[PDB]
Amino acid sequence: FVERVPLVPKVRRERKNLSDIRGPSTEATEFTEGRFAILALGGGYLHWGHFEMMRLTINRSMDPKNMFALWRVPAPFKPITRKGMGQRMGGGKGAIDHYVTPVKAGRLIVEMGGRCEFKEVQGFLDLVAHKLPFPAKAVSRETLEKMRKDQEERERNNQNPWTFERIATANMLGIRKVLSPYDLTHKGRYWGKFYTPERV
Amino acid sequence: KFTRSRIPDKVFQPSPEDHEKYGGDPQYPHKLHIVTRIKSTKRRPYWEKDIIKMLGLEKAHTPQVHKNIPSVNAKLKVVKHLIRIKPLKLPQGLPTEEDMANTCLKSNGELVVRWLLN
Amino acid sequence: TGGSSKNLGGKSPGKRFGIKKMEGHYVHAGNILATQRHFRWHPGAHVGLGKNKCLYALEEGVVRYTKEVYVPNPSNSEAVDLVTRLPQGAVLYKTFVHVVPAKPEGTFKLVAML
RNA sequence: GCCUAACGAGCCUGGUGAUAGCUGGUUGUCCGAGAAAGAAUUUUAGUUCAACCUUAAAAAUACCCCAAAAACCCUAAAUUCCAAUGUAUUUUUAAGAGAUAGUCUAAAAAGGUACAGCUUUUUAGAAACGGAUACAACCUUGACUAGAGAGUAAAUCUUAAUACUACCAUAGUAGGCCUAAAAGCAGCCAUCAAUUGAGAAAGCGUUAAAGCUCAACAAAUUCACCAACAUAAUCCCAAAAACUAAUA
RNA sequence: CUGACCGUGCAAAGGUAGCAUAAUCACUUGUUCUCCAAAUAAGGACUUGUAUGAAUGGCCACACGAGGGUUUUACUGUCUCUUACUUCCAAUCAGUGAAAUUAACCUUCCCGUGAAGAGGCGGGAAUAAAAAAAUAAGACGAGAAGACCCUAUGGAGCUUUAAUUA
RNA sequence: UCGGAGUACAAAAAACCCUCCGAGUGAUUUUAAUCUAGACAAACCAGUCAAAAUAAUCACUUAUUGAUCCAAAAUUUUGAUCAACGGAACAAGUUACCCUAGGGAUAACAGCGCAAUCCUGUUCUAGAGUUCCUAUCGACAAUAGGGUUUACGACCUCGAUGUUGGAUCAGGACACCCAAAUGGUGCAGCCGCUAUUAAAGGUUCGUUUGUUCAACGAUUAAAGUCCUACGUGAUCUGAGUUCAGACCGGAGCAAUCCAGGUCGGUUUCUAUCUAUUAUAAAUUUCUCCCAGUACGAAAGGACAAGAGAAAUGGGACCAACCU
Ligand SMILES: [Mg+2]
Ligand SMILES: [Mg+2]
Ligand SMILES: [Mg+2]
Ligand SMILES: [Mg+2]
Ligand SMILES: [Mg+2]
Ligand SMILES: [Mg+2]
Ligand SMILES: [Mg+2]
Ligand SMILES: [Mg+2]
Ligand SMILES: [Mg+2]
Ligand SMILES: [Mg+2]
Ligand SMILES: [Mg+2]
Ligand SMILES: [Mg+2]
Ligand SMILES: [Mg+2]
Ligand SMILES: [Mg+2]
Ligand SMILES: [Mg+2]
Ligand SMILES: [Mg+2]
Ligand SMILES: [Mg+2]
Ligand SMILES: [Mg+2]
Ligand SMILES: [Mg+2]
Ligand SMILES: [Mg+2]
Ligand SMILES: [Mg+2]
Ligand SMILES: [Mg+2]
Ligand SMILES: [Mg+2]
Ligand SMILES: [Mg+2]
Ligand SMILES: [Mg+2]
Ligand SMILES: [Mg+2]
Ligand SMILES: [Mg+2]
Ligand SMILES: [Mg+2]
Ligand SMILES: [Mg+2]
Ligand SMILES: [Mg+2]
Ligand SMILES: [Mg+2]
Ligand SMILES: [Mg+2]
Ligand SMILES: [Mg+2]
Ligand SMILES: [Mg+2]
Ligand SMILES: [Mg+2]
Ligand SMILES: [Mg+2]
Ligand SMILES: [Mg+2]
Ligand SMILES: [Mg+2]
Ligand SMILES: [Mg+2]
Ligand SMILES: [Mg+2]
Ligand SMILES: [Mg+2]
Ligand SMILES: [Mg+2]
Ligand SMILES: [Mg+2]
Ligand SMILES: [Mg+2]
Ligand SMILES: [Mg+2]
Ligand SMILES: [Mg+2]
Ligand SMILES: [Mg+2]
Ligand SMILES: [Mg+2]
Ligand SMILES: [Mg+2]
Ligand SMILES: [Mg+2]
Ligand SMILES: [Mg+2]
Ligand SMILES: [Mg+2]
Ligand SMILES: [Mg+2]
Ligand SMILES: [Mg+2]
Ligand SMILES: [Mg+2]
Ligand SMILES: [Mg+2]
Ligand SMILES: [Mg+2]
Ligand SMILES: [Mg+2]
Ligand SMILES: [Mg+2]
Ligand SMILES: [Mg+2]
Ligand SMILES: [Mg+2]
Ligand SMILES: [Mg+2]
Ligand SMILES: [Mg+2]
Ligand SMILES: [Mg+2]
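- Method of determination for the deposited model, per the PDB record: cryo-EM, at 3.40 Å resolution.

Right under this line is the structure:
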């Protein structure tokens, strides 16, 4: 059970970094113990109500003898602020309404190990995936590695001489004037919070 | 913010087939550039406008000649997306005094020293 | 609606701390080299230290920057202990500024031949 | 209230060209060069300084700028600083003002509702008589005067979405355990062993039975599977179009 | 359940006689009865009004209000739901003859756009030319340099413990 | 006003009624001096280091501070919550009795933007539904839309875009309240409850409130939800808000004041321009039957077909009646 509010509640309202939802993920990219997971195909903010859903659902859906689950995501640490209704702009920052975990595209939310075949987990994982803020998928190691090998196969099979990398890095057509500084790294595959898998 | 950017060296390392493709001679690099300005300096940052004032590229579609030394090459690199660059060729060799009046520059990027006899 | 924001006095001008002269700059005796609130750069050869931790040039010369070994004054205790607890292989390094004298010290002129 | 068709203080003539950091106006032609907000301020509808700039003058280097160099835990785009080099610009001296109530577009962030044709800074751009029909900010281009000449630039608007099929079903045994009953199929345990082939059972079903199908042979043929998303108020919004060859 | 009583605190005294949901902050269309087929109205009661209340007067009552409210009788074109007819205007003929207003107008409709509501722009529609009579949807119609709001180191009147004081 | 962090990641600079911590001085001893190169910083004023030549420290240490003039002082110097902190030698309330200059540089109305709130859908099945997820619903959640609400922005208008509710006349949407065809039912029939398709036509009269809303009486086949400058004031009405008078609570010492009640209170236009100034070719009830039959154990009880009557809405017309 994850706790609605942190045990040591943050006293000081923090600026909201959009940057921590933005682009590829570093942490929690690889499996540890389990065969299965729910993979995040966009960035997004996970608050308490979601944890509730994934928890009750995935607990009641699984055979406790043959299966076990694990959190790959922390319990929510980031304060979110509101102002009351009917507030004029200004006067200060508001007060703390919420707690959320930032989630970057390419991270595993839940890790399910067990002696089941991927068909079961995929059966009921697709529900919890379908119900998350970002677009999300139900995957295993074989699936993941397959789609990644395909993902670089596309980049070596690409028939048109022009890829986003080549242009953005060579600053051709002064394109760097329209692009962001984070655009060199994302290579134009991520845009804002969204992620496009077909972008080479 | 917006910035002066950079070009990483890999860009400027030519592949073997680029010689065959642009018809450059693999053994000997070429002496002079003919640089024409294709695009406008408006809507572009001030430092590019500067580079184009130094190169003498002031008005579009007029050719200029420049040395292939690294110093000029640097500036060209900064504005490389506004310009057209072609190697200058001298089939008849270098122009002498007598030929000064008869010089002509063809769109091949080719200088002809003896032009329109009689 | 009460709009009180409880925070006060964020506002100060900046102090323009930073490096005044750059490596290979010519300098006259008395120029301030850099000015910092904590030691970022320490004074090296021919660079004097002001009570506010300013670095000024003592000679006429060329300013040079350097990474050198740091051996704290045995009178200053904190630094002595910091030096003490290090593992036996490691030495401390810091950045220093220097002036490299240009003018020769003097000249011998022939005043009178008696 | 009323004091001669306007009384919170009469009317007239003086002071009186009262005084308006506030509106409103400011008259011939043609050429040069040309500006966007850092400070203080009963200041934020205003002034006065700096910076940019204009008009004269004196000079010497100015932008660009490779190594080298600028912090300590983690820390991107990038700055600062300098020869060579490409160019002609820059600094000082003497005079001057206006301006100091900005908009949007890209980028980095804040605040707000990861809302505004929203507000607040920092770095860039712009304000075509050509395109985006229309158009302030996006894109192509920078500029004069004549031609009943030419070459080009940005650009005209295209992109898609489907089916599920046989045939068949006995065995210990309603396995134990519980339980009103508990019979695969309320839950715990076991997962065994006949047949050639049929799970001590995946569905529904029954009070419990009973009964329907799935998995197993037998007969065949095989081709797939990753499916989709209601509407607004005067009256739809060029007309049309599969095709004579386009780096037009 | 309440509190005649009880304790302690503070005051210069601790709101009484009345009257009361009121021409009495709010709750609030308080509660209930009478009044009507039905009433947030009216009247009568209850009533802490926590912000009534006794010469800044409190309470009843004649007689009087072009004061405010409510019921009834009666009366009727107020209205169901309009009608007929006369007179002034009215329209045609003859005299005389003003007013605000007005960049120029050769002065359409739709849907988009746009300083964000178009007769003028864009894409479409429609379309001989002029009179007279009507109706008021538009011309952000006409009248008054908005009496609201805010801002001038603009005014004025009023009041006092504003500051200077004859 | 003054200083440390962040915002502002690596030279400097850098905003907010941005996020967070501090200072308007203590504690000592060692009394921390003159005079002059070169500098940082800087609109200015103020701020900073400092060689040579003569003979302060700790408290994150950085902030601990006020300019002229005028006063007092002695030999030379001290004087401020001048804290609105670049400092006026010393001045408060009110104004709905108000006045002028201006501003759409800035509010209230309306429009526009956005869609937090509000409003229609779908996607997911835990659950309700005795058993049964989806007849009727449905927590935690996903994704689209609509633009009427309360807000939020301040973009057009302050040399006027006159603002609530009615009256009259309505144009439009469909997210159907009736009428018309149908699917599903936990539908026997009668009622129902849900869903799909359909905008030619309808969508009442009263008592109390200024009231839209709401309650309540009586009915209807129904007595829709909305938009149109919360339609419509050069057509009408001002009860209400919203000026001047006045009371009553209250707040102020007062003047005056309270999106608190109460009584009272001027509604102006002769139409220049655009627009516009009559074709028709029905809609709905309720009866009468059927048949008290089909349907159900009975109690209750149909449509479809076919004859009648009305009513409303179009178009007319006076023999009678009534004016
Ligand atoms: Mg999702
Ligand atoms: Mg700071
Ligand atoms: Mg500052
Ligand atoms: Mg008079
Ligand atoms: Mg004057
Ligand atoms: Mg002052
Ligand atoms: Mg002013
Ligand atoms: Mg240089
Ligand atoms: Mg402004
Ligand atoms: Mg100004
Ligand atoms: Mg837009
Ligand atoms: Mg700029
Ligand atoms: Mg055009
Ligand atoms: Mg030209
Ligand atoms: Mg059996
Ligand atoms: Mg077997
Ligand atoms: Mg009493
Ligand atoms: Mg009251
Ligand atoms: Mg009292
Ligand atoms: Mg008295
Ligand atoms: Mg009294
Ligand atoms: Mg009497
Ligand atoms: Mg009288
Ligand atoms: Mg009377
Ligand atoms: Mg006449
Ligand atoms: Mg016309
Ligand atoms: Mg628009
Ligand atoms: Mg329009
Ligand atoms: Mg007439
Ligand atoms: Mg009209
Ligand atoms: Mg007009
Ligand atoms: Mg109007
Ligand atoms: Mg005005
Ligand atoms: Mg004033
Ligand atoms: Mg004044
Ligand atoms: Mg010394
Ligand atoms: Mg003093
Ligand atoms: Mg001040
Ligand atoms: Mg000040
Ligand atoms: Mg200052
Ligand atoms: Mg009054
Ligand atoms: Mg006025
Ligand atoms: Mg405005
Ligand atoms: Mg209006
Ligand atoms: Mg508004
Ligand atoms: Mg408007
Ligand atoms: Mg929306
Ligand atoms: Mg909003
Ligand atoms: Mg603004
Ligand atoms: Mg106005
Ligand atoms: Mg006007
Ligand atoms: Mg209508
Ligand atoms: Mg429908
Ligand atoms: Mg209708
Ligand atoms: Mg209205
Ligand atoms: Mg009205
Ligand atoms: Mg009107
Ligand atoms: Mg009173
Ligand atoms: Mg009267
Ligand atoms: Mg009144
Ligand atoms: Mg009128
Ligand atoms: Mg007419
Ligand atoms: Mg008329
Ligand atoms: Mg009729």
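1. Section: the overall build of chain B
Now for step 1: Each helix and strand counted, chain B has three helices and five strands in total.
Now for step 2: Walking chain B from its N terminus toward its C terminus, one meets helices and strands in the order α-β-α-β-α-β-β-β.
Now for step 3: The 118 residues of chain B split such that 23% are buried.
Now for step 4: Contacts spanning at least 24 positions in sequence make up 57% of the contacts within chain B whose residues lie at least 6 apart.
Now for step 5: In the form shown here, chain B has an accessible surface area of approximately 9500 Å², with 53% of it arising from carbon and sulfur atoms.
Now for step 6: Charge-centre separation for chain B: the mean point of 23 positive side chains lies 12 Å from the mean point of 12 negative side chains.

2. Comments concerning the UniProt feature "binding site: Mg(2+) 2" (unreviewed entry) in chain A
Residue and element names in this part refer to chain A.
Now for step 1: Here the UniProt feature "binding site: Mg(2+) 2" (unreviewed entry) sits at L132.
Now for step 2: Assignment of secondary structure puts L132 in the loop between α2 (118–130) and β7 (136–140).
Now for step 3: Under the relative-accessibility criterion, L132 is labelled buried at 7%.
Now for step 4: Residues within four places of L132 in sequence aside, it is in contact with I38, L46, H50, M53, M54 and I109.

3. Re the protein's contact with RNA strand D
Now for step 1: Every one of the 54 residues lining RNA strand D counts as a neighbour, but A:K93, B:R37, B:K39, B:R43 and C:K67 are closest to it.
Now for step 2: Near the protein, meaning within 4 Å, the atoms of RNA strand D are sugar or phosphate in a fraction of 74%, with bases accounting for the rest.
Now for step 3: In the environment of RNA strand D, a sugar or linking oxygen lies 2.9 Å from a nitrogen or oxygen atom belonging to the side chain of B:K1.
Now for step 4: B:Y46 is positioned such that a nitrogen or oxygen atom in its backbone is 3.0 Å from a phosphate oxygen of RNA strand D.
Now for step 5: Secondary-structure elements contributing two or more residues to the surface near RNA strand D are β4 (78–82) of chain A, α2 (46–55), β2 (63–67) and α3 (70–79) of chain B together with β7 (61–69) of chain C.
Now for step 6: In terms of residue count, the dominant contributor to the surface near RNA strand D is α2(B) (five residues).
Now for step 7: Taken together, the residues of the surface near RNA strand D sort by class into 19 nonpolar, 11 polar and 24 charged.

4. Observations concerning the interface of chain B and chain A
Now for step 1: Facing the 11 residues of chain B at the interface are eight residues of chain A.
Now for step 2: Between chain B and chain A, roughly 790 Å² of surface is buried when both sides are summed, and carbon and sulfur atoms account for 53% of that area.
Now for step 3: The tally of links between chain B and chain A comes to zero salt bridges.
Now for step 4: Applying the counting criterion to the chain B and chain A interface returns four residue pairs in polar contact.
Now for step 5: Split into classes, the residues belonging to the side of chain B that touches chain A amount to four nonpolar, three polar and four charged.

5. What to know about the sheet that holds strand β6 (residues 108–114) of chain A
Residue and element names in this part refer to chain A.
Now for step 1: Spatial strand order, β3-β6-β1-β7: four strands in an open sheet with antiparallel pairing. Pairing within the sheet leaves two strands with one partner each, and these edge strands are β3 (67–71) and β7. In this sheet, neighbouring strand axes are inclined to one another by 25° on average, regardless of whether the strands run parallel or antiparallel.
Now for step 2: Set on the sheet, helix α3 (residues 141–157) makes contact with β1 (36–40) and β7; between it and β7 the angle comes to about 110°.

About the thresholds
Residues numbered from 1 in each chain as written, not as in the entry; some residues may be left out. Chains lettered and ligands numbered in written order. Part of a larger assembly, values for the part shown. Heavy atoms only, no water. Helix = DSSP H or I, 4+ residues; strand = E, 2+ residues; numbered from the N terminus. Buried < 20%, exposed > 50% of the residue type's maximum accessible area, 1.4 Å probe, protein only. Contact = heavy atoms within 4.5 Å. Areas by Shrake-Rupley, 256 points an atom, 1.4 Å probe, with all protein chains shown as cover. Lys, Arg positive; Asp, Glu negative; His and termini not counted. Charge placed at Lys NZ, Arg CZ, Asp CG, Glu CD. UniProt positions renumbered as here; feature names shortened; annotations may be inferred. Near = heavy atom within 4 Å. Polar contact = N/O pair within 3.5 Å; in protein donor to acceptor, adjacent residues only side chain to side chain. Nonpolar A, V, L, I, M, F, W, Y, C, P; charged D, E, K, R; others polar. Buried area = accessible area lost by both parts, 1.4 Å probe. Salt bridge = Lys/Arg side-chain N within 4 Å of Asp/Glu carboxyl O. Pairing = 2+ DSSP bridges. Axes fitted to C-alpha atoms, helices over the stretch in contact; angles between N-to-C directions.

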